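> Once you've seen the sequence and the experimental structure below, I've got questions.
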Amino acid sequence: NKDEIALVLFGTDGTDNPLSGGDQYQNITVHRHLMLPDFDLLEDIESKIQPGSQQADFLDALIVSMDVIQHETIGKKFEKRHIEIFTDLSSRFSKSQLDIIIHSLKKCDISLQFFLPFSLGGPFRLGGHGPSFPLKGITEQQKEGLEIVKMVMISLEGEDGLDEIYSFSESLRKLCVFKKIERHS
Amino acid sequence: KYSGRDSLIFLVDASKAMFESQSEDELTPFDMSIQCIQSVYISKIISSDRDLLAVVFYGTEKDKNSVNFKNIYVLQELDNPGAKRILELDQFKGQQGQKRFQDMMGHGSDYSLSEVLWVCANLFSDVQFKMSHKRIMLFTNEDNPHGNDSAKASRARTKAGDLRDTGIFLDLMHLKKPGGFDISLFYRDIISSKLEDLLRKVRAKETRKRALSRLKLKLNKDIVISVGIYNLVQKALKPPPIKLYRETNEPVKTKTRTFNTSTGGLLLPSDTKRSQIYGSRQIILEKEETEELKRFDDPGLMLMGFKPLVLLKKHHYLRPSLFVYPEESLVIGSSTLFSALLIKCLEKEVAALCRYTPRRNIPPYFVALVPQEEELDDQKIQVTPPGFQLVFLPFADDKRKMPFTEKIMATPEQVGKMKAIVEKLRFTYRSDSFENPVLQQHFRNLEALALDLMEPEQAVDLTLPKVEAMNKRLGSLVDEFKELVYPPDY
DNA sequence: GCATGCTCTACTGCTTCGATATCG
DNA sequence: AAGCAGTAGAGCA
DNA sequence: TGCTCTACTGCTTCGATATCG
DNA sequence: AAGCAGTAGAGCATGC
């Protein structure tokens, strides 16, 4: 199907990005830009050996992604703007640019979704319609991250914002990533 | 049995008066009986085309059979229904066909008795096949053929019981002396009226009983039980177009080849591969690789736990539901476990869940087993046999997505008027009889081509409504319900 | 003691026939 | 294998 | 600026065919 | 799947 995919990788060992001023937007490097996915995208997925972590910030890569969407979108009309976030919510954050950035996503019509680690709240292998907590996995960083993503998502949608978070363990036996894409019938 | 065919001998009485018009000007019984025999052949040549059918007349002037009796004459012999045989049979219509019958063999002689049934027995005997049902249809009007002798009466009532001893069943289709049943006589020895069933109702049907799969159900890993997975509805369609030569009208026997690699010569399946193309790159696999990459299991029914009969809606289905039955052929004693499981699931209204793989290599499919209990009465209404129904289920890319976003309610006045409308249009649905129009038109088209009764009968569209009757049955409230809330109003 | 002669279930396979999947 | 609405590039206001 | 024809074109669907129990 | 025909791996019996 005629689509376009663009991937942002934040927290690598190099800061090459369309906008990066100082320690703001540090260690943000896009892998492959807005492209029809050929096998080179899968080659770049298989060239992902390093975590290579010097993490700076993550609530700014969304601003970079929307700005490269605005820069590239000239005549290429997209009916929707879907942005996924993949993290485990264990590093620290920056609560300054949250209200204005939520207002800009409200005025630019972005559909965002969030993917979560193993611990939402015997052999917990991959997914078996089972539990989520190994014994108890949440610390204060997961507490603050889970509550800010819950409040951001309920202010973005409502009740379904609480439903617009999904765990890695049960998203393999569902297609919750395949929502709000296909033109209906 | 399964390869067991069934037979029918049509015995026709033409002694003295049925060849006559019986002092009437309405309907003659001889042409009536020939109409009924031709109708039975026409129905069964497209309904059940492997059975055995024959015609015999008795009481005629001539005589021809295998043992040379007197006044017994046959016309066809025990075989399949044939177009040549009905085009031979239909010559006896009207008074002109009656006189043609008179010059062909002549009506009127001393009709004998039970040795005609002896000739029917000799027709039933010498056939090298398997026979399931043996019935004799007797077309006659005389209800006392022994007006002068007791010896032929005794030999009739003895030979009929002798044919009953080896299982032969005759059933006379009674004629009428004034037009209705009035000859209330005492055949309470020979036999074990209504001829519209021989006329009308078997224009489209087929005959079979098979099993479609014999599988095993695995409860844990090690406690398995044999079941057979029968079918109940199968969407019957028209027989295939046999290829034929234009001039001589024989089968063609086409043959296929693959060749021409810019060398001429020939090719072979070992010299070729399968491939797919994705933008630029092509991927090359083999036929065995294509066959192998769809594999998940071995064929069977894996148990996966029990479920209450609420969550599965009947809105969810994907295929004509099958019907599983237990049998004591593979594993001895499975009827016990199936009857016990059926009784427990029947009292506690719980359905089973299974993973289902039909044959030796098919990716798996989730099925749900729902039990059902039997019914019968004095008329033997076996409409429900006991056993489990296999409701299919979708997975994720069968339930599509609708636009879903429109909502405006309605005012509480129209619901009672529509209740009145549907209560005026309220009747029983059916038990049967909603026949296929395109298949039925093809059936009648194929009927009127090998007989050259040219006139192609237009098929009765039974599915169509009758708006000229339904307007008056409904009543003059159409425009009332229109201008109530939804006027056209330009 | 190895070589040849009757004989008994019974395993593989041919044939039809109906359903299912696939392609045009 | 074969028909039914979608959508733009000329023919015509 | 405003209207019209039509030139395919995906999205279907019967119908012919290859396989399997 | 249902039916049915066939032959072979083997088992008892006798011999220069």
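On my side now, so go ahead. Residues are numbered from 1 along each chain as shown, chains lettered A, B, ... in the order given.

> residues in contact with residue 168?
Reading this off chain A. A:115-118 (CB atoms under 8 Å, 6 or more residues apart in numbering or on different chains). Using the backbone N, CA and C atoms, a C-beta is placed for each residue, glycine as well.

> that's the wrong chain, I wanted chain B
Residues in contact with residue B:168, defined by CB under 8 Å, 6+ apart, are B:121, B:124, B:134-136.

> which of those residues has the most neighbours?
Counting neighbours by other CB atoms under 10 Å in any protein chain shown, residue B:136 leads the contacts of residue B:168 with 23 neighbours.

> my read: it touches residue B:164, true?
No - look at residue B:136 against residue B:164 with CB atoms under 8 Å: they stay out of range, at 11.0 Å.

> Find the closest residue to DNA strand E in the stretch 151-300 of chain B.
Closest residue of the stretch 151-300 of chain B to DNA strand E, CB to the nearest atom of the strand: residue B:241 (5.0 Å).

> For the contacts of residue A:168, name the two members farthest from one another.
Spanning the widest gap among these are A:115 and A:118, at 11.5 Å by CB to CB.

> dump the residue contacts of residue 144.
Because you didn't say which chain, this covers chain A. Applying CB under 8 Å, 6+ apart to residue A:144 gives the contacts residue A:93.

> look at chain B instead
By CB under 8 Å, 6+ apart, residue B:144 lies in contact with residue B:185.

> Ok, residue B:258 next?
Contacts of residue B:258 by CB under 8 Å, 6+ apart are residue B:267.

> The nearest residue to residue B:48 once chain neighbours are set aside and DNA strand C: what is the separation?
Of all residues not flanking residue B:48 in the chain, residue B:207 sits nearest, at 4.8 Å (CB to CB, 6 or more residues apart in numbering or on different chains). In this view, residue B:207 and DNA strand C are 8 Å apart by CB to the nearest atom of the strand, to the nearest Å.

> What is the burial count for residue B:207?
12.

> same deal with the one 3 residues further on?
By other CB under 10 Å, 8 other residues sit near residue B:210.

> Could I get the phi/psi values of residue 173?
Using chain A here. Taking degrees, to the nearest 10, you get phi -100, psi 20 for the backbone angles of residue A:173.

> oops, I was thinking of chain B
phi -90, psi 110.

> so it makes contact with residue B:191?
No - taking contacts as CB under 8 Å, residue B:173 lies outside contact range of residue B:191: 10.7 Å.

> Have a look at the two and say which one is more surrounded.
Shown here are residue B:173 and residue B:191; by other CB under 10 Å, residue B:173 has more neighbours (17 against 12).

> Next, the contact list for the more buried one, please.
Shown in contact with residue B:173 (CB under 8 Å, 6+ apart): B:36, B:137-139, B:193, B:195, B:198.

> Relative to DNA strand C, how far out is residue B:459?
Distance, residue B:459 to DNA strand C, using CB to the nearest atom of the strand: 23 Å.

> which residues does that residue contact?
By CB under 8 Å, 6+ apart, residue B:459 lies in contact with B:437, B:440-441, B:444.

> and these as TSV, adding neighbour count and distance to chain A?
Output for the contacts of residue B:459, formatted as TSV (neighbours: other CB atoms under 10 Å in any protein chain shown; distance: CB to the nearest CB, whole Å):
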residue	neighbour count	distance to chain A
B:437	14	30
B:440	17	34
B:441	16	34
B:444	17	39
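
> partners of residue B:284 in the sheet?
According to DSSP bridges, the partner residues bridging residue B:284 are residue B:275.

> who's in contact with it?
The contact partners of residue B:284, taken as CB under 8 Å, 6+ apart, are B:273-275.

> do residue B:424 as well
Contacts for residue B:424 (CB under 8 Å, 6+ apart) come out as B:473-475.

> Closest one of these to residue B:325?
Of all the contacts of residue B:424, residue B:473 has the smallest distance to residue B:325: 44.8 Å, by CB to CB.

> from the middle of its chain, how far away would the host helix or strand of that closest one be?
Take DSSP states H and E as the rule and residue B:473 turns out to sit in helix B:467-474. Its chain's average C-alpha position is 34 Å from that of helix B:467-474, according to CA atoms, centre = their mean, to the nearest Å.

> repeat for stretch A:114-127
In terms of CA atoms, centre = their mean, the centre of stretch A:114-127 is found 17 Å from the chain centre.

> likewise stretch B:309-326?
On CA atoms, centre = their mean, the centre of stretch B:309-326 falls 25 Å from that of its chain.

> Pull up the distance across it, start to finish.
With CA to CA, to the nearest Å as the measure, stretch B:309-326 spans 22 Å from end to end.

> Give me the buried stretch members for it, please.
Across stretch B:309-326, burial judged by 16 or more other CB atoms under 10 Å in any protein chain shown covers B:312, B:321-322, B:324, B:326.

> do stretch B:252-272 as well
Buried, per 16+ other CB under 10 Å, within stretch B:252-272: nothing.

> and that stretch, does that touch DNA strand E?
Yes - Stretch B:252-272 lies within reach of DNA strand E by CB under 7 Å from any atom of the strand, at residue B:256.

> State the distance from residue B:437 to residue B:461.
The spacing between residue B:437 and residue B:461, counted by CB to CB, to the nearest Å, is 5 Å.

> Sorry, slip of the keys, the one I care about is residue B:412.
Distance from residue B:412 to residue B:461, by CB to CB: 39 Å.

> And for residue A:9?
67 Å.

> These two: which has the busier surroundings?
residue A:9 (17 against 11).

> How many neighbouring residues does the closest residue to the more buried one other than its chain neighbours have?
Spatial nearest neighbour of residue A:9, excluding adjacent residues (CB to CB, 6+ apart): residue A:31 at 5.3 Å. Residues near residue A:31, counting by other CB under 10 Å, number 14.

> what do you get for residue B:8?
Neighbourhood size, residue B:8 [other CB under 10 Å]: 19.

> Now it: phi and psi?
phi -160, psi 120.

> Give me the nearest residue to it, chain neighbours excluded.
Excluding its sequence neighbours, the residue lying closest to residue B:8 (CB to CB, 6+ apart) is residue B:53, at 5.4 Å.

> just residue B:473 next, same as before
residue B:424 (6.6 Å).

> Tell me who's in contact with the closest residue to DNA strand C within chain B.
With CB to the nearest atom of the strand, the shortest gap between chain B and DNA strand C falls at residue B:234, namely 3.8 Å. Taking CB under 8 Å, 6+ apart as the criterion, residue B:234 is in contact with residue B:320.

> Report the separation between the residue in chain A that DNA strand E sits nearest to and residue B:214.
Residue of chain A nearest DNA strand E, by CB to the nearest atom of the strand: residue A:185 (7.3 Å). Computed as CB to CB, the residue A:185 to residue B:214 distance reads 40 Å.

> try residue A:136
Counting by CB to CB - residue A:136 and residue B:214 are separated by 52 Å.

> With neighbour numbers in mind, choose between the two.
Taking other CB under 10 Å, residue A:136 and residue B:214 do not tie; residue B:214 has more neighbours (12 against 8).

> what about the helices in chain A?
Here chain A has its helices, by DSSP state H, at A:39-45, A:61-72, A:99-108, A:140-156, A:160-163.

> With distance to DNA strand F added, can I get these in a markdown table?
Shown next, in a markdown table, are these (distance: least, CB to the nearest atom of the strand, whole Å):
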| stretch | distance to DNA strand F |
| --- | --- |
| helix A:39-45 | 44 |
| helix A:61-72 | 58 |
| helix A:99-108 | 60 |
| helix A:140-156 | 55 |
| helix A:160-163 | 47 |
